[PDB]
Structure formats: structure tokens, C-alpha cells
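Heads up: the structure comes next, in C-alpha cells.
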Amino acid sequence: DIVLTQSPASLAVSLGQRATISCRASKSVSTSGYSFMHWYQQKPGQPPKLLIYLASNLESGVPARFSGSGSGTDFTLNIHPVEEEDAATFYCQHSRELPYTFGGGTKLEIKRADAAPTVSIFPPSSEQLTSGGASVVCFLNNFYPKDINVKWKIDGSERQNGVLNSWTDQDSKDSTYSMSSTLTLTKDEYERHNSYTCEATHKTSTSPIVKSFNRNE
Amino acid sequence: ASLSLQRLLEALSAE
Amino acid sequence: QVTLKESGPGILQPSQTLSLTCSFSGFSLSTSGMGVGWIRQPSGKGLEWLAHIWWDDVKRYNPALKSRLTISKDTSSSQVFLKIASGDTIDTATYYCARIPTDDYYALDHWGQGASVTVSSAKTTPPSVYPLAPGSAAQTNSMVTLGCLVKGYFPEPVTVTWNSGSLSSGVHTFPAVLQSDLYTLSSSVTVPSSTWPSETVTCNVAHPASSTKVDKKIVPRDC
């Protein structure tokens with residue numbers, strides 16, 4: 001079995017600049033005039049799309065900012081210049097022999113200007129309280145870079161139990177990220193304290209972004 | 001009918 | 001013209017037979033050089049070639065699970081069938097079918113949108129969707145964020161839209177997360193503040209696995 005190792009695993013490049021992705025094969029995937037290497041771009045929520053066949057053949061309908069090179073064991077895909085819609089994962093694939101295998105993939109972060117999060121807090125729905133659940137959601141929207149810290153406080157004190165976080169894949173238009181922090185607990189447990197606050201600390205933040213819901217109004 | 005190197009290499013490596 | 005679409009169970013019982021169908025148009029699997037193959041992708045993991053069939057009915061299987069694989073074509077109906085015996089948890093993945101356009105190189109030029117297959121003892125559970133509104137004690141605004149909280153469902157996928165797909169821009173549907181044996185998914189939409197509630201904001205939450213589609217109109221809290 002031919003093992004494809006991709007290098008690097010992750011790559012952050014600014015618009016107009018050059019992303020380079022290696023694929024090294026444990027055996028030569030080239031013989032008798034053919035180099036049997038292929039490159040795909042997988043965007044979040046879509047199947048892979050063919051960019052390059054046989055190492056350097058630009059698949060029709062794909063712009064020449066995708067170039068493929070390499071021969072034998074060492075292959076190279078260049079995105080140059082990089083654009084907003086390249087916020088994807090990139091795979092090499094060999095058809096030299098069975099079994100056919102792909103590399104582990106290379107995720108390209110598009111670098112953009114710093115952006116601070118927009119923080120929005122929501123109290124439990126009337127519908128949810130009826131079933132006996134209580135979920136306080138916190139949306140932190142269209143920030144950059146990826147790294148964000150959410151500190152929850154149920155009336156002064158931080159709660160470590162019952163907090164679930166979720167990041168979006170890098171938006172392929174504005175290059176920002178987003179994140180939901182959900183604080184879930186029993187409706188009785190929810191009806192002990194009245195002050196719920198959602199603290200957000202980002203690289204751009206000189207002080208936190210605090211967002212509160214007065215249950216008293 | 002014009003056997004390709006790809007399907008040959010495949011055949012040779014098949015189980 | 002060239003479209004491939006996967007259809008499959010969605011959820012499977014461990015040890016039961018996973019059966020997948022790949023319907024296609026825009027090309028014929030009796031055209032010289034043409035072939036169709038199956039690749040599968042687990043959650044956040046890489047890609048794995050399972051099997052393929054060529055125009056002349058030559059079949060190939062991944063040795064690693066060759067024990068369990070069976071592929072065939074109905075050239076007449078333009079369909080390809082894959083069966084994977086003794087289905088197990090690790091066979092939980094998105095299953096793609098893709099076309100191999102020529103005799104000359106095995107690359108995959110057109111892919112279907114995928115078919116999410118989960119295999120688990122857990123029970124097919126529909127979602128409770130909750131509307132997310134600011135609450136009486138609001139803020140100055142300029143722009144206003146609404147949302148829907150899709151909770152206590154299994155298996156994936158859930159598909160969230162707003163105004164039946166009419167309201168696409170300024171949306172963030174967050175990836176699902178699994179507390180106990182139930183997926184929790186949130187989605188946000190951001191509107192000019194002036195437009196709500198004057199113009200209606202409705203979130204649409206389909207869960208095909210449980211044969212469920214839920215519309216939830218976001219309305220101010222009042223009280």
C-alpha cells in the first residue's frame with residue numbers, strides 16, 4: 001500500500017500570496033511516461049472537486065492559479081495567487097496501484113485583517129422551559145483570527161458543567177469565523193439564580209465583551 | 001480495445 | 001448535465017447490511033473509458049477509496065474490507081449499487097459516489113453531494129427546535145441577530161434554512177455536537193433590526209432521518 005504524507009497539515013496565507021502543499025508517496029507513483037498523482041479541493045459541506053490530474057494537468061473549468069508539479073515520490077500543488085474561496089481542505093490521491101489512497105489533507109486558512117466578535121445572548125425559549133430544559137445560547141459572529149475564549153458566569157460565579165462550544169469553518173467570502181456557546185441546565189436549577197453573563201475575550205479585545213440577561217428585567 | 005496503462009497497473013495490483 | 005446523487009439508509013443497526021445507490025445522468029456507464037466508484041469520509045477524518053466498476057463490468061475493491069464489499073451497475077436505469085455486509089460503528093461516514101471519466105487515469109471529476117450514513121444502537125429521534133429572540137430588555141441595535149436551537153435529535157444530518165432559503169446572507173449554522181446520544185445544533189441569522197419584527201423571520205429545520213420538517217417563526221418575547 002502506497003502511503004501519501006501531506007506537508008504541511010495546516011497553512012495560513014494572505015490574499016494574493018502563495019500556498020504550497022507537498023505530497024510525498026512511500027513508493028514512486030510514476031512509471032513509463034505517467035505520474036499517477038491527483039489533487040482535490042474539498043470546501044466545507046461539499047464533496048472534493050478535481051483541480052489537477054496526472055500531476056500537472058489543470059482540469060477544465062479550474063483557474064491556472066492552481067499549478068501541479070512533481071514526479072516519482074515528491075509532488076507539489078501551488079495555489080498562487082490564493083483567493084477567499086480557497087478556505088478549504090486539499091487532498092492528493094494516487095492511482096499507481098491498488099489500494100488507491102489519499103493523503104490526510106491540508107487545510108488552508110486565508111489570512112485577513114483582525115476582526116472583533118459581535119456577541120449576542122438569548123434566554124431559554126418558552127417552548128423549551130415547558131419540556132423542563134433551560135439553554136442560554138451565546139453567538140460570537142464574524143471574528144478573526146480563529147482563537148476565542150468564552151467565560152460563562154451564573155450570577156457572579158463561572159460554571160464549567162453544561163457548556164457546549166461549536167466553531168464554524170472559515171467563511172469562504174469574508175474569511176471570518178463564528179462560534180455558539182450553549183449553557184444547558186434543568187429549569188429548576190435555572191430558577192435559583194437570576195444574573196446570567198457571557199464573557200468573550202479575543203486577540204483584538206483590550207477588555208472582554210460582557211453580555212448579560214437580567215431575568216428580573 | 002486499446003488497454004490503458006492505468007487499468008493494466010490496476011489489474012497487476014488487484015486481489 | 002453530469003449529476004450523481006447518493007441514496008442510503010441514514011441510520012443502520014450494527015451487523016445489518018449497509019446498502020447504497022448512486023443514480024446518475026449526463027453520461028452513460030457503457031461509454032468506453034467511463035467508470036463509477038465509492039469514496040467514504042468519516043467526521044473530520046480523511047478520504048478512503050472503497051470500490052469501483054468500469055464500463056465493461058471489471059470491478060475493484062479495497063482489500064482491507066474486500067470480505068464485505070459487493071458492487072454492480074444497472075446501465076439501463078443509469079444506477080450503481082454498493083452493499084457492505086456486517087456494518088459496524090467505524091463504517092459511520094459520508095459515502096460519496098464519483099465518476100472516472102477515462103480509461104487513461106483514475107481521478108474522480110464529478111462527485112455527488114454525499115450520503116451521511118450513521119451505524120449505532122441509538123434510536124432515531126426528531127429535534128425540538130427553540131426560537132432565539134433578544135428578550136424584552138434589549139439594546140440600541142442597528143442590526144439584530146435571531147436564531148434557532150435544534151436539540152435532542154439523532155442521527156445527523158439536520159438541514160437548517162431561513163424563509164425557505166430566501167434569507168441566505170448573514171447566516172451561521174454551527175456544527176452539531178453530541179451530548180449523551182443526542183446531537184445539539186444552533187443557527188444564527190443577522191437582520192437590519194428595522195426589518196424585524198415588521199418583516200417575518202422564520203427558520204426551517206428538516207431532519208430527513210426522522211421524516212420531520214419544523215418551521216419556527218421568531219417573535220418578540222413581550223411579557
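As shown in the C-alpha cells, the chain order sets the letters A, B, ...; within each chain, residues go from 1, and ligands are also counted from 1 in the order they appear.
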
Using only C-alpha atoms, which residues sit within 7 Å of residue 107 of chain C once same-chain residues fewer than 3 positions away are excluded, as a short mmCIF file (atom, residue, chain, number, x, y, z; two decimals) with C-alpha atoms, in the first residue's frame?
```
data_model
loop_
_atom_site.label_atom_id
_atom_site.label_comp_id
_atom_site.auth_asym_id
_atom_site.auth_seq_id
_atom_site.Cartn_x
_atom_site.Cartn_y
_atom_site.Cartn_z
CA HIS A 38 -4.23 13.84 -8.50
CA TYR A 53 -4.93 15.02 -12.86
CA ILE C 100 -13.96 8.19 -13.51
#
```

Compute the chain A side of the contact with chain B at 9 Å, counting only C-alpha atoms, and hand it back as a PDB file with N, CA, C and O atoms, in the first residue's frame.
```pdb
ATOM      1  N   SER A  32       6.851   4.943 -16.881  1.00  0.00           N
ATOM      2  CA  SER A  32       6.613   4.780 -18.338  1.00  0.00           C
ATOM      3  C   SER A  32       5.795   5.954 -18.890  1.00  0.00           C
ATOM      4  O   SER A  32       4.854   5.714 -19.666  1.00  0.00           O
ATOM      5  N   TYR A  34       3.975   8.290 -17.264  1.00  0.00           N
ATOM      6  CA  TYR A  34       2.812   8.698 -16.434  1.00  0.00           C
ATOM      7  C   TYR A  34       3.270   8.933 -14.990  1.00  0.00           C
ATOM      8  O   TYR A  34       4.041   8.114 -14.455  1.00  0.00           O
ATOM      9  N   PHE A  36       1.056   9.223 -11.667  1.00  0.00           N
ATOM     10  CA  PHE A  36      -0.352   8.913 -11.294  1.00  0.00           C
ATOM     11  C   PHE A  36      -0.702   9.572  -9.957  1.00  0.00           C
ATOM     12  O   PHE A  36      -1.073   8.858  -9.006  1.00  0.00           O
ATOM     13  N   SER A  95      -3.234   6.771  -8.163  1.00  0.00           N
ATOM     14  CA  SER A  95      -3.842   5.596  -8.840  1.00  0.00           C
ATOM     15  C   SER A  95      -2.733   4.707  -9.415  1.00  0.00           C
ATOM     16  O   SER A  95      -2.994   3.992 -10.387  1.00  0.00           O
ATOM     17  N   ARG A  96      -1.540   4.759  -8.822  1.00  0.00           N
ATOM     18  CA  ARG A  96      -0.358   3.962  -9.240  1.00  0.00           C
ATOM     19  C   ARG A  96      -0.701   2.473  -9.150  1.00  0.00           C
ATOM     20  O   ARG A  96      -0.402   1.730 -10.103  1.00  0.00           O
ATOM     21  N   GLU A  97      -1.299   2.064  -8.033  1.00  0.00           N
ATOM     22  CA  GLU A  97      -1.663   0.650  -7.763  1.00  0.00           C
ATOM     23  C   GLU A  97      -2.846   0.614  -6.794  1.00  0.00           C
ATOM     24  O   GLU A  97      -3.122   1.649  -6.165  1.00  0.00           O
ATOM     25  N   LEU A  98      -3.510  -0.537  -6.679  1.00  0.00           N
ATOM     26  CA  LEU A  98      -4.485  -0.799  -5.591  1.00  0.00           C
ATOM     27  C   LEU A  98      -3.687  -1.141  -4.338  1.00  0.00           C
ATOM     28  O   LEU A  98      -2.595  -1.695  -4.434  1.00  0.00           O
ATOM     29  N   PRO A  99      -4.149  -0.745  -3.133  1.00  0.00           N
ATOM     30  CA  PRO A  99      -5.321   0.120  -2.984  1.00  0.00           C
ATOM     31  C   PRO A  99      -5.000   1.588  -3.302  1.00  0.00           C
ATOM     32  O   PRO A  99      -3.902   2.036  -2.972  1.00  0.00           O
TER      33      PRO A  99
END
```

* Tell me the residues of chain C close to chain B, meaning within 6 Å using only C-alpha atoms, as a count of residues only. => 3

* To do: Measure the distance from atom CA of residue 19 of chain A to atom CA of residue 43 of chain C in Å and round it to one decimal.
  =>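 If I compute the distance from atom CA of residue 19 of chain A to atom CA of residue 43 of chain C, I get 25.3 Å.
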
* Find the spatial neighbours of segment 185-200 of chain A, counting only C-alpha atoms, within a cut-off of 7 Å - ignore same-chain residues fewer than 3 positions away - and output them as an MDAnalysis selection string. => chainID A and resid 129 132:135 138 149:155 162 208:216

Could the residues in this selection be saved with C-alpha atoms as a PDB file, in the first residue's frame?
```
ATOM      1  CA  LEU A 129     -38.977  25.710  29.597  1.00  0.00           C
ATOM      2  CA  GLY A 132     -38.148  21.392  31.598  1.00  0.00           C
ATOM      3  CA  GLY A 133     -34.879  22.363  29.819  1.00  0.00           C
ATOM      4  CA  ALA A 134     -33.025  25.735  30.055  1.00  0.00           C
ATOM      5  CA  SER A 135     -30.445  26.640  27.316  1.00  0.00           C
ATOM      6  CA  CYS A 138     -24.200  32.922  23.059  1.00  0.00           C
ATOM      7  CA  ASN A 149     -12.236  32.425  24.886  1.00  0.00           C
ATOM      8  CA  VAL A 150     -15.816  32.239  26.354  1.00  0.00           C
ATOM      9  CA  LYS A 151     -16.219  32.527  30.185  1.00  0.00           C
ATOM     10  CA  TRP A 152     -19.820  31.913  31.476  1.00  0.00           C
ATOM     11  CA  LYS A 153     -20.997  33.214  34.929  1.00  0.00           C
ATOM     12  CA  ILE A 154     -24.374  32.213  36.550  1.00  0.00           C
ATOM     13  CA  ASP A 155     -24.771  35.279  38.903  1.00  0.00           C
ATOM     14  CA  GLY A 162     -23.135  22.001  30.868  1.00  0.00           C
ATOM     15  CA  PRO A 208     -13.651  41.454  27.424  1.00  0.00           C
ATOM     16  CA  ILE A 209     -17.074  41.736  25.663  1.00  0.00           C
ATOM     17  CA  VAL A 210     -19.633  41.143  28.513  1.00  0.00           C
ATOM     18  CA  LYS A 211     -23.276  40.255  27.547  1.00  0.00           C
ATOM     19  CA  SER A 212     -25.957  39.843  30.304  1.00  0.00           C
ATOM     20  CA  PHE A 213     -29.679  38.840  30.567  1.00  0.00           C
ATOM     21  CA  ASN A 214     -31.489  40.301  33.658  1.00  0.00           C
ATOM     22  CA  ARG A 215     -34.190  37.610  34.398  1.00  0.00           C
ATOM     23  CA  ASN A 216     -35.841  40.337  36.612  1.00  0.00           C
TER      24      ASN A 216
END
```

* **segment 88-92 of chain C environment, 7 Å, only C-alpha atoms, sequence neighbours closer than 6 positions dropped, as an MDAnalysis selection string** => chainID C and resid 14:15 42 117:120

Selected residues, C-alpha atoms, written as a tab-separated table (two decimals), in the first residue's frame, please.
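Output file selection18.tsv follows:
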```tsv
chain	number	residue	atom	x	y	z
C	14	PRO	CA	-24.69	-2.79	13.91
C	15	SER	CA	-24.24	-6.14	11.99
C	42	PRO	CA	-15.76	9.89	8.44
C	117	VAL	CA	-24.55	7.00	6.99
C	118	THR	CA	-24.57	6.53	10.82
C	119	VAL	CA	-24.49	2.95	12.31
C	120	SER	CA	-25.49	2.82	16.02
```

* If we count only C-alpha atoms, which residues of chain C reach to within 9 Å of chain A? Please list them as number ranges by chain. -> C: 45-50, 60-64, 96, 105-114, 128-138, 144-147, 149, 172-177, 179, 184-188, 221

Write the residues of the preceding selection, restricted to N, CA and C atoms, as a short mmCIF file (atom, residue, chain, number, x, y, z; two decimals), in the first residue's frame.
```cif
data_model
loop_
_atom_site.label_atom_id
_atom_site.label_comp_id
_atom_site.auth_asym_id
_atom_site.auth_seq_id
_atom_site.Cartn_x
_atom_site.Cartn_y
_atom_site.Cartn_z
N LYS C 45 -12.37 13.39 9.49
CA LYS C 45 -11.28 12.48 9.05
C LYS C 45 -11.11 12.62 7.53
N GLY C 46 -10.14 11.89 6.96
CA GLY C 46 -9.74 11.99 5.54
C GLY C 46 -10.64 11.17 4.63
N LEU C 47 -10.16 10.86 3.43
CA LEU C 47 -10.92 10.15 2.36
C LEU C 47 -10.39 8.72 2.19
N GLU C 48 -11.26 7.78 1.82
CA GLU C 48 -10.95 6.33 1.69
C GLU C 48 -11.68 5.76 0.47
N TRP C 49 -10.93 5.24 -0.50
CA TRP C 49 -11.48 4.56 -1.71
C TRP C 49 -11.99 3.18 -1.31
N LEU C 50 -13.27 2.90 -1.54
CA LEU C 50 -13.93 1.62 -1.17
C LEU C 50 -13.89 0.66 -2.36
N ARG C 60 -13.34 -3.53 -8.84
CA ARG C 60 -12.18 -3.49 -7.90
C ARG C 60 -12.69 -3.10 -6.51
N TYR C 61 -12.08 -3.67 -5.47
CA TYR C 61 -12.47 -3.50 -4.05
C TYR C 61 -11.22 -3.17 -3.23
N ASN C 62 -11.38 -2.38 -2.17
CA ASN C 62 -10.32 -2.14 -1.16
C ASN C 62 -10.05 -3.46 -0.45
N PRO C 63 -8.83 -4.03 -0.56
CA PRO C 63 -8.51 -5.29 0.09
C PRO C 63 -8.90 -5.31 1.58
N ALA C 64 -8.69 -4.19 2.28
CA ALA C 64 -8.86 -4.04 3.75
C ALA C 64 -10.26 -4.51 4.19
N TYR C 96 -19.66 8.96 -0.64
CA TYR C 96 -19.72 9.62 -1.97
C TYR C 96 -19.66 8.55 -3.06
N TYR C 105 -6.63 7.49 -16.83
CA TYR C 105 -6.22 7.87 -15.45
C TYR C 105 -7.41 7.75 -14.50
N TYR C 106 -7.18 7.19 -13.31
CA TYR C 106 -8.18 7.06 -12.22
C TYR C 106 -8.10 8.30 -11.33
N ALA C 107 -8.77 9.36 -11.77
CA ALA C 107 -9.16 10.53 -10.96
C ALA C 107 -10.68 10.64 -11.00
N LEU C 108 -11.26 11.41 -10.09
CA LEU C 108 -12.73 11.50 -9.86
C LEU C 108 -13.19 12.94 -10.15
N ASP C 109 -13.85 13.17 -11.28
CA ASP C 109 -14.02 14.54 -11.86
C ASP C 109 -15.37 15.13 -11.44
N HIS C 110 -16.42 14.31 -11.27
CA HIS C 110 -17.75 14.73 -10.74
C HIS C 110 -18.14 13.84 -9.56
N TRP C 111 -18.50 14.46 -8.42
CA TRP C 111 -18.93 13.80 -7.16
C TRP C 111 -20.38 14.16 -6.87
N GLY C 112 -21.13 13.22 -6.27
CA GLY C 112 -22.43 13.51 -5.63
C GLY C 112 -22.24 14.27 -4.33
N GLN C 113 -23.32 14.86 -3.81
CA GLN C 113 -23.32 15.76 -2.63
C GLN C 113 -23.08 14.96 -1.34
N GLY C 114 -22.92 13.63 -1.44
CA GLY C 114 -22.65 12.74 -0.30
C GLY C 114 -23.94 12.13 0.24
N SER C 128 -36.30 18.93 18.83
CA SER C 128 -37.07 20.07 19.40
C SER C 128 -36.35 21.36 19.01
N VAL C 129 -36.93 22.17 18.12
CA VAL C 129 -36.35 23.48 17.70
C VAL C 129 -36.95 24.57 18.60
N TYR C 130 -36.10 25.43 19.15
CA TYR C 130 -36.49 26.56 20.03
C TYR C 130 -36.11 27.87 19.35
N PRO C 131 -36.99 28.89 19.35
CA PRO C 131 -36.68 30.18 18.75
C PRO C 131 -35.81 31.01 19.70
N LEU C 132 -34.82 31.72 19.15
CA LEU C 132 -33.90 32.59 19.91
C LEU C 132 -34.17 34.05 19.54
N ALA C 133 -34.83 34.78 20.45
CA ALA C 133 -35.13 36.22 20.34
C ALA C 133 -34.38 36.96 21.45
N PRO C 134 -34.02 38.25 21.23
CA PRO C 134 -33.26 39.04 22.22
C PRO C 134 -33.79 39.00 23.66
N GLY C 135 -35.10 39.14 23.85
CA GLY C 135 -35.75 39.30 25.17
C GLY C 135 -36.07 40.75 25.45
N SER C 136 -37.16 41.00 26.20
CA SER C 136 -37.76 42.34 26.46
C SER C 136 -36.67 43.41 26.62
N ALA C 137 -35.80 43.25 27.63
CA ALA C 137 -34.67 44.16 27.94
C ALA C 137 -33.57 44.01 26.88
N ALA C 138 -33.71 44.73 25.76
CA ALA C 138 -32.88 44.60 24.54
C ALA C 138 -31.72 45.61 24.58
N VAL C 144 -29.84 43.33 14.19
CA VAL C 144 -30.42 42.40 15.20
C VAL C 144 -30.15 40.95 14.76
N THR C 145 -29.67 40.13 15.69
CA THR C 145 -29.38 38.68 15.49
C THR C 145 -30.54 37.88 16.10
N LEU C 146 -31.16 37.00 15.31
CA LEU C 146 -32.12 35.96 15.78
C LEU C 146 -31.41 34.60 15.67
N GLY C 147 -32.07 33.51 16.06
CA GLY C 147 -31.50 32.15 15.95
C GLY C 147 -32.52 31.05 16.21
N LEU C 149 -32.41 26.94 18.01
CA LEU C 149 -31.66 25.93 18.79
C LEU C 149 -32.26 24.54 18.54
N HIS C 172 -25.20 31.87 10.03
CA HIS C 172 -24.15 30.99 10.61
C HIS C 172 -24.82 29.76 11.25
N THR C 173 -24.85 28.63 10.53
CA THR C 173 -25.32 27.32 11.04
C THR C 173 -24.12 26.59 11.64
N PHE C 174 -24.13 26.40 12.97
CA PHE C 174 -22.99 25.86 13.74
C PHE C 174 -22.98 24.34 13.61
N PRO C 175 -21.80 23.69 13.53
CA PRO C 175 -21.73 22.23 13.52
C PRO C 175 -22.39 21.61 14.75
N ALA C 176 -22.98 20.42 14.56
CA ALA C 176 -23.66 19.62 15.60
C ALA C 176 -22.62 19.11 16.60
N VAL C 177 -23.03 18.89 17.85
CA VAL C 177 -22.21 18.28 18.93
C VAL C 177 -23.09 17.29 19.70
N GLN C 179 -24.02 15.47 22.96
CA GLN C 179 -24.17 15.29 24.43
C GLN C 179 -25.12 14.11 24.67
N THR C 184 -26.89 18.28 19.31
CA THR C 184 -27.35 19.68 19.58
C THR C 184 -26.71 20.62 18.55
N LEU C 185 -27.54 21.34 17.80
CA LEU C 185 -27.12 22.24 16.69
C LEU C 185 -27.82 23.59 16.86
N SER C 186 -27.07 24.69 16.73
CA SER C 186 -27.59 26.08 16.74
C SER C 186 -27.35 26.72 15.36
N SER C 187 -28.15 27.73 15.02
CA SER C 187 -28.01 28.54 13.78
C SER C 187 -28.44 29.98 14.06
N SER C 188 -27.68 30.96 13.56
CA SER C 188 -27.93 32.41 13.74
C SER C 188 -28.23 33.05 12.38
N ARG C 221 -40.45 38.56 22.63
CA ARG C 221 -40.77 37.87 23.91
C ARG C 221 -42.01 38.51 24.57
#
```

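If you look at atom CA of residue 8 of chain C and atom CA of residue 86 of chain C, they are 15.9 Å away from each other.
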
* Atom-to-atom span, atom CA of residue 65 of chain A and atom CA of residue 14 of chain A, Å -> 14.4 Å

* Within segment 44-202 of chain A, find each residue whose DSSP state, derived from the backbone, is strand (DSSP E or B), and express the selection as a PyMOL selection string. => chain A and resi 49-53+57-58+66-71+74-79+89-94+101-102+106-111+115+118-122+133-144+149-154+157+163-167+177-186+195-201
